[PDB]
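So the structure is just underneath, and the comments pick up after that.
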Amino acid sequence: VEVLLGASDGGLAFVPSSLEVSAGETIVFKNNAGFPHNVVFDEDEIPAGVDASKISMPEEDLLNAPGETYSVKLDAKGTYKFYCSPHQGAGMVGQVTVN
Amino acid sequence: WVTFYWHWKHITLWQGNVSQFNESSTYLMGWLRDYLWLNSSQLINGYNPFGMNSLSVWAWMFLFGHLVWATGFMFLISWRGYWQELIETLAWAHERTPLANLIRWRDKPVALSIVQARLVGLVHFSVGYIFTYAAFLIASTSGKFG
Amino acid sequence: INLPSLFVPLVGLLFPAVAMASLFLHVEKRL
Amino acid sequence: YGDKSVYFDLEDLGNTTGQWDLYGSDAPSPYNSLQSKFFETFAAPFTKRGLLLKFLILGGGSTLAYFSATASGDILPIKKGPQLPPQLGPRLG
Amino acid sequence: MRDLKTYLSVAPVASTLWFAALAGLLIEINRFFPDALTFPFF
Amino acid sequence: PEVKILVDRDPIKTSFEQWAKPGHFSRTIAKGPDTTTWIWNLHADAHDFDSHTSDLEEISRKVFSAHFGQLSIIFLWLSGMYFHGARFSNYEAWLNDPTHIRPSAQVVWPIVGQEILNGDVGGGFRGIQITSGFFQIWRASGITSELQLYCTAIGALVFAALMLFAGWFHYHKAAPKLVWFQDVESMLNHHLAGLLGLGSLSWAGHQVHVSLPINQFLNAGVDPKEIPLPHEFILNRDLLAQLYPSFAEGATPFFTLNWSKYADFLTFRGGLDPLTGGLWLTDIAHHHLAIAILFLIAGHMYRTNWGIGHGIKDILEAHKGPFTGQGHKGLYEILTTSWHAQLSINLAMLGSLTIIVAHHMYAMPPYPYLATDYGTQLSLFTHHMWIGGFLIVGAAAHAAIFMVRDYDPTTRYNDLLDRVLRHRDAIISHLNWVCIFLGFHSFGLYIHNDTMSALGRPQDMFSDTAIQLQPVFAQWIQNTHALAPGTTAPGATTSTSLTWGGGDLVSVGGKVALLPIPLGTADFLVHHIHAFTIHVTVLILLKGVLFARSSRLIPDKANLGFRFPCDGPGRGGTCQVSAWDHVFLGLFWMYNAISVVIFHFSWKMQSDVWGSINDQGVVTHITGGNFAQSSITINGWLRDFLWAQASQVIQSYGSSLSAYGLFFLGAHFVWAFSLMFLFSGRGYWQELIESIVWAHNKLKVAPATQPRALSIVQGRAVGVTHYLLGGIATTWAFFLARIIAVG
Amino acid sequence: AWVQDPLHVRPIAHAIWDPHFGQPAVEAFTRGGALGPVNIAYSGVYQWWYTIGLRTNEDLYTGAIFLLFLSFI
Amino acid sequence: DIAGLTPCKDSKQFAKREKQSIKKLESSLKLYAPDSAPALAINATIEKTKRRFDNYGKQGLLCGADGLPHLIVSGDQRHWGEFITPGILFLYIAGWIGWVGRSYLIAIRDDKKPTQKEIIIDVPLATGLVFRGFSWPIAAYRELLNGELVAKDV
Ligand code: CLA
Ligand code: CLA
Ligand code: CLA
Ligand code: CLA
Ligand code: CLA
Ligand SMILES: CC1=C(C/C=C(\C)CCC[C@H](C)CCC[C@H](C)CCCC(C)C)C(=O)c2ccccc2C1=O
Ligand code: SF4
Ligand SMILES: [Cu+2]
């Protein structure tokens, strides 16, 4: 399921912020506007297992260029809350659930 | 400084995120990144190669205030003598050219006075200051409306 | 008939033109 | 002035101060009388300072007012008006 | 020797030696008691 | 008439008497300090030899000895480099896997938690990554172990000591006489042949024997420690014969003029090495051989002692035409009696040369694994650009100094200089017009694009998709360059550089080394901006030089000197009328121009050149080619360049790049601090210091040396120094953090 | 319109009539339920006038006329 | 506690920050060899961090909602170690410096050329003078009482 990092108006938000996806699918975080954008998975309030580095980006990496995607396969029952380390203070916090 | 403090505190309170200000206010990099750089995305995106929105007028003013202020640095750094000599050579050139020496100035051109130059530089500095900050504040608060 | 259409040029082009001409004449000549 | 190396004399101050015209023609009119007799007759009413100034100012003003108050839609998008529904603000609107 | 002493006490040289000594002293104090934010002895 | 060695014995006896007396050179300074201003003066005129005395011989001796001292300093700096590379570096680990390990040759002791700066650079090493590009130089030279680096460091230390001793000995024991310094024919002959030509021949000889066989072994995949030592390749010649068969005959092709047989290692290929991403070493060796021949020939031009040769006076005085009277007659006497004239000419030439060096060095990378080391490329380009700009501004400074001080038509009269001084008004007026015209059309187009974009009229913009301003001439020239090999230059296989065209992208280790650079409307606009800035700074400097002696405002400006605050508030105000103030303004404009140039280089490289190659050959550029469409407006430069790329530096806190963020903020601070000096005057500060001094007098703690406020000229100098430091340092931190995090 | 729902409508300062505007600019600047490009007031006059008692456009017109008379006086 | 803060020893965000810092430091350690110089340095840094956090908890600092220590300077006797006794120490040292410098200035003020002894420090005299700053608190007090600290006639 594709979600764009940052709004067209330069807003620092995900497009849609809340993703309700089915298992067997992988999210692609494509860059839109306001990049460099980073997607980091919480590590907390996260189901059972799932190690953080598997779905996180290094807390010191950033996607560049207008059209760059980050690929995460997920596939684990529960909900995952993700956020953007640089713009987490501007409300760039999202959430993906797999039911 | 007063208005930076007020605006950052209130923009973080209006988001229910007073913590963020509490963490990032203690050091100056927090002010530079979490306030100026962070709250300045929609404003600078007011218009871009993919179109414009209602904030473009501010994005333009934001740049306008940056220009005025910068040209203020001119009158504040460069002083009179250089400009006086430049104007002297300009007067020579105008008086020595065909078809335009038929037109004659009536008040002898001169460089701005020292006090006048200081005043003009200060006026540019202040106008640019005010315009750029007003653009930033209105665009960032109105961009989120919260 | 659109009142703004008549006035915006009137105050932005005609008025500054006439005012600048008149003030240049006043400031720039011996009395 | 100009006797040998002298470049100054009170008798002729104009020459001394270089008050010449580098390119003045001092030649008769290159136009034949007939053309001038037309131009000076049809362009006569525009050679008064106050009259020309007042006429130019008011005529240009009226021309601008007429051309701006009666502009067609393909001219100025400002007065053609919006053609799309309006969007809502983040919470206002 | 005497002139060497004289030049060795001139403002710049004396200041640099004094500040090098002060920097070394502070560096060693921090090394022995690093991360000190309060005075706990009394 | 003859060229010979002339010296004087024991002119100054080494001692410590003058060390104890601050400012022996100036009598009033020698007397002692009355006020704090004295102190500043003592430094402001430390190296102004021509003002402490008037004898040319003493000035020349001091200049020669100071040259020796500076050469010693440079040698010490190089020895430090080599030692740090030898001991505190991961050079061998990087040598084993270049693309894998990030070069580093500096570690920090763990004292106050600063050990965070010892980042993970790879190769089992923790340190500070270096962008000086020394590792590439050492690899290109054939250095494989740290023993060689240690030996080079020790040798450089010894040569620094030798330079220092030479300076002492030549100033205090054997000081050359004036006729020795004034012998320019032999000096030119030796420098052209003895220094440049012979040095290039020596370096070519090294490359043939050490660089070529060692780099061939390294590129063949042999582990660095298993390679034969560089000296073995000289003892046993079959070692070289294996790599290049033509070494078998040995020199006989060179003496029978069968030079074609040397085509094995002396080639004219061009382009880049697909394995290392640098120039073919067999091309560089041939380069240096040809350069050696050319310079050894050119250094045989001027007559010294055996009749054959050229008299520089004859060449100069033989040139003159109807438009310049007797031009070039008298210039020889001007250039052999004034040091400032020579200094200005040489400074201008060296600045231009450094700029050209930057351009050519990022055009075709000459060192292996340098093209894909993006941080090194960016840092080298920016560094050389700044050095060249500063040297060019110094050229104007010293031309004005000469004009004020050493220019004298009564004894040393020159015709061309007289004519220039006689139509300076026309020169400056036309230059002013050109500056205005360029400023309106270069920057005005940017403002037009910005306004159109803000008004929602992209069809009216000056862009590649609306109104195109295509640089047809540059496109044609680079197209002619692309077609050059095989057509107009048959002996070359690949074009001079891969920026010309022809496709043939070159990549190394999954990273793009180089590929054709396209020129469009944005390139046209930025190039015209460059022209505008260069012309304005030239206007400032040239106006400072030409009007240094007199003008229609102050007809006796020379009598005031090269450096002085003003001539009072008369005539409406005569602030900053001196030539020094013109240099002071030229510094600001040079900063502006160079900042724009480096910004253009960085953004263009990131957008259209640097990037990552993939399996299918799809190049993903660091910035996805947004320069062509975003650089045509000021808002794009503020958003897609500054805002977007500042994220790397501002986030650096908590990591090994935190020092870059600290320097970013500190440079901002120092720059803003400079405005304190640039905007105020010394009268207010003196009045405030009066109250401070009174407060001190109230407690019997007032200094005996009265504390005066800084002089006007010193205020200007401090302001410009702080401005330049802050701006250049913030750009330095920004570039380094951005390219190290993203590169 | 603002007095009907003060919290969910942006107050308008004055209309824009700029012949330099492009079509997308005209589209983007028409807000607040107006028929053309307008400016959203931030001086806070709407809230102030609402609190003191002004409700209709007639009251504003009367105030404007009274103040013109006052300036003339 | 004071100002709504809680002691760092029993605070939770303080412990969370401590754990996160150690986790970040350890993340780098696992990359290198177990007993190499970089590994030893990283281990030393981790031990230093643990000791620092334990000491901060030990001294009884106050931690806010951010989980960082906060300094109370109102004068509460439970926190004199945060600003008041360091403040007294600074005042002592700074008065030492100022008194020594003033003594030097007064001593050299009687020569025909006092400026000579100001750009070239007369170290012999300075070494004798520097030790007066041990007792400057008394010298300055009696200097004020005796009425010659402040230059009269001014
Ligand atoms: C100082 C108060 C003020 C201000 C800041 C403005 C500002 C504006 N008016 Mg406006 N106007 C005002 C008072 C004011 N008006 C008054 C009292 C009236 C009569 C009720 C009008 C009637 C009016 C009309 C009919 C129109 C505007 C329009 C406009 C806008 C476009 C420019 C223009 O047409 O010029 C102003 C045009 C006038 C006819 C103004 C004449 C009235 C006053 C008395 C003139 C003052 C001149 C005086 C010598 C200088 C005042 C002192 C100082 C401010 C210099 C602009 C934003 C146009 C618009 O709608 O924008 C799209 C438009 O068509 N105004
Ligand atoms: C090694 C012993 C020695 C001694 C005892 C002297 C003694 C003397 N020299 Mg001499 N000299 C020496 C070595 C020595 N020199 C060497 C090795 C050189 C070659 C560079 C020179 C070249 C030289 C010149 C050209 C001149 C003298 C002069 C003099 C006399 C004037 C005062 C003086 O020295 O300047 C002051 C003493 C200093 C220590 C000044 C500092 C200079 C060094 C090089 C600065 C180091 C640069 C540093 C790295 C910059 C970076 C800054 C950074 C650290 C922040 C004095 C009697 C002058 C003279 O005789 O006047 C007529 C004169 O013009 N010397
Ligand atoms: C083969 C002949 C030769 C060579 C190689 C040089 C080389 C050099 N000269 Mg020189 N010169 C020469 C002949 C030569 N000169 C003659 C014949 C004259 C008289 C007309 C001069 C007069 C002269 C002056 C006035 C000056 C120089 C300077 C310089 C240096 C310029 C800066 C530089 O590029 O550093 C390059 C650095 C290196 C190449 C490192 C190695 C340096 C080696 C050891 C130099 C040894 C060459 C020397 C001539 C040997 C003779 C001395 C012998 C008794 C031991 C450079 C090292 C300038 C200077 O002082 O230097 C700062 C300078 O001011 N020269
Ligand atoms: C080989 C190059 C070269 C040489 C040999 C000279 C030589 C000379 N210059 Mg010159 N100059 C040069 C290049 C050169 N210049 C360049 C490139 C510029 C453009 C910037 C200038 C601009 C210039 C001016 C405007 C003037 C001179 C002057 C002079 C003369 C006296 C300089 C002096 O001692 O004052 C004292 C020197 C100092 C006080 C040192 C300044 C220290 C700098 C500002 C600090 C650098 C900061 C550092 C890089 C980074 C921060 C470190 C810090 C934080 C620790 C002297 C003969 C002066 C003169 O009167 O000519 C006769 C003078 O007015 N020069
Ligand atoms: C943003 C700051 C700023 C700006 C805009 C300028 C602009 C300019 N400087 Mg400058 N300068 C500055 C900062 C600035 N400076 C500072 C801080 C210093 C201190 C070191 C200097 C020191 C300095 C010196 C020493 C000199 C200049 C010179 C110049 C002029 C060069 C001529 C030119 O470019 O032609 C055209 C002008 C421009 C491109 C500027 C923008 C013009 C816009 C695009 C046109 C808009 C027109 C618009 C339709 C107007 C309608 C509005 C209406 C309501 C009136 C130019 C006007 C040189 C000069 O005077 O030339 C001979 C000169 O010698 N400057
Ligand atoms: C540029 C400059 C000049 C030269 C400035 C000149 C010659 C002014 C030329 C400006 C022309 C007249 C156009 C300006 C356009 C203005 C926007 C018009 C304002 C007029 C009224 C609306 C007030 C100085 O004389 C000077 C003197 C002392 C210190 C610094 C400086 C200085 O920086
Ligand atoms: S302000 Fe300063 S520089 Fe200008 S005339 Fe007065 S004293 Fe001279
Ligand atoms: Cu983001």
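Quick note on labels: first sequence line is chain A, next is B, and so on, each numbered from 1. Whatever order the structure lists ligands and atoms in, that order sets their numbers, starting from 1. What you see below is based on every heavy atom in this structure, not just the backbone, and it leaves out hydrogens, waters and symmetry mates.
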>> Under 4.0 Å from a heavy atom of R563(F): which atoms of ligand 4 are those, numbered in the order shown and with their elements?
In response: 58 (C), 59 (C), 60 (O), 63 (C), 64 (O)
> Counting each atom of ligand 4 from 1 as listed, which ones have a heavy atom of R405(F) under 4.0 Å away?
Replying inline: 62 (C)
Considering non-hydrogen atoms of the protein only, which is the closest contact for [atom], and what is the distance?
atom                    : answer
atom 18 (C) of ligand 4 : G394(F) CA, 3.2 Å
atom 6 (C) of ligand 5  : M74(B) CE, 4.4 Å
atom 12 (C) of ligand 3 : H190(F) CB, 4.3 Å
atom 5 (C) of ligand 4  : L343(F) CD2, 4.1 Å
atom 23 (C) of ligand 4 : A397(F) CB, 4.0 Å
atom 47 (C) of ligand 5 : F440(F) CE2, 4.8 Å
atom 13 (C) of ligand 4 : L347(F) CD1, 3.9 Å
atom 7 (C) of ligand 4  : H398(F) NE2, 3.6 Å
atom 38 (C) of ligand 4 : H43(F) O, 4.4 Å
atom 32 (C) of ligand 3 : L71(F) CD1, 4.8 Å
atom 51 (C) of ligand 4 : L725(F) CD1, 4.5 Å
atom 3 (C) of ligand 5  : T71(B) CA, 3.9 Å

Is the contact between [X] and ligand 4 made by the side chain, the backbone, both, or neither, using heavy atoms and a 4.0 Å cut-off?
X       : value
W580(F) : side chain
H722(F) : neither
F562(F) : side chain

> Does the ring-ring contact (aromatic ring centres under 6.0 Å, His included) test come out yes or no for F437(F) and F532(F), once each step is laid out?
Replying inline: CA-CA 9 Å; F437(F) 163 85; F532(F) 162 55; over 10 Å; no
When you check the side-chain N and O atoms of [X] and [Y], is any donor under 3.5 Å from an acceptor?
X       : Y       : answer
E58(F)  : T53(F)  : no
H340(F) : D406(F) : no
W92(B)  : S429(F) : no
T132(B) : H66(B)  : yes

>> Using heavy-atom distances only, which candidate in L195(F), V63(F), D183(F) approaches atom 8 (C) of ligand 3 most closely?
In response: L195(F)
> Relative to atom 28 (C) of ligand 5, which among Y723(F), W79(B), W83(B) owns the nearest non-hydrogen atom?
Replying inline: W83(B)
>> Tell me whether ligand 3 is touched by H191(F) - counting only heavy atoms on the residue side and a distance under 4.0 Å.
In response: yes
>> Residue-level breakdown please: for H67(F) versus ligand 3, do any non-hydrogen atoms fall below 4.0 Å on the side chain, on the backbone, on both, or on neither?
In response: both
Any non-hydrogen protein atom less than 4.0 Å away from [atom]:
atom                    : result
atom 45 (C) of ligand 4 : no
atom 57 (C) of ligand 4 : yes
atom 25 (C) of ligand 3 : yes
atom 40 (C) of ligand 3 : yes
atom 49 (C) of ligand 4 : no
atom 62 (C) of ligand 5 : yes
atom 30 (C) of ligand 3 : no

Test of understanding: given a 4.0 Å heavy-atom threshold, classify the contact between [X] and ligand 5 as side chain, backbone, both, or neither.
X       : value
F437(F) : neither
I436(F) : both
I540(F) : side chain
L539(F) : side chain

>> I'd like to check whether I401(F) has a polar contact with ligand 4, where a contact means an N/O of the residue lying under 3.5 Å from an N/O of the ligand.
In response: no
> So, is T721(F) polar-close to ligand 4, with some N/O to N/O distance under 3.5 Å?
Replying inline: no
> Would one find an N or O of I447(F), backbone or side chain, under 3.5 Å from an N or O of ligand 5?
Replying inline: no
>> So, regarding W589(F) and ligand 5 (criterion: nitrogen or oxygen to nitrogen or oxygen, under 3.5 Å), is there a contact or not?
In response: yes
Enumerated ligand 5 atoms positioned under 4.0 Å from heavy atoms of [X]:
X       : answer
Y82(B)  : 25 (C), 63 (C), 64 (O)
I77(B)  : 19 (C), 20 (C)
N432(F) : 62 (C)

> Does the separation of the ring centres of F64(F) and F181(F) fall below 6.0 angstrom?
Replying inline: yes
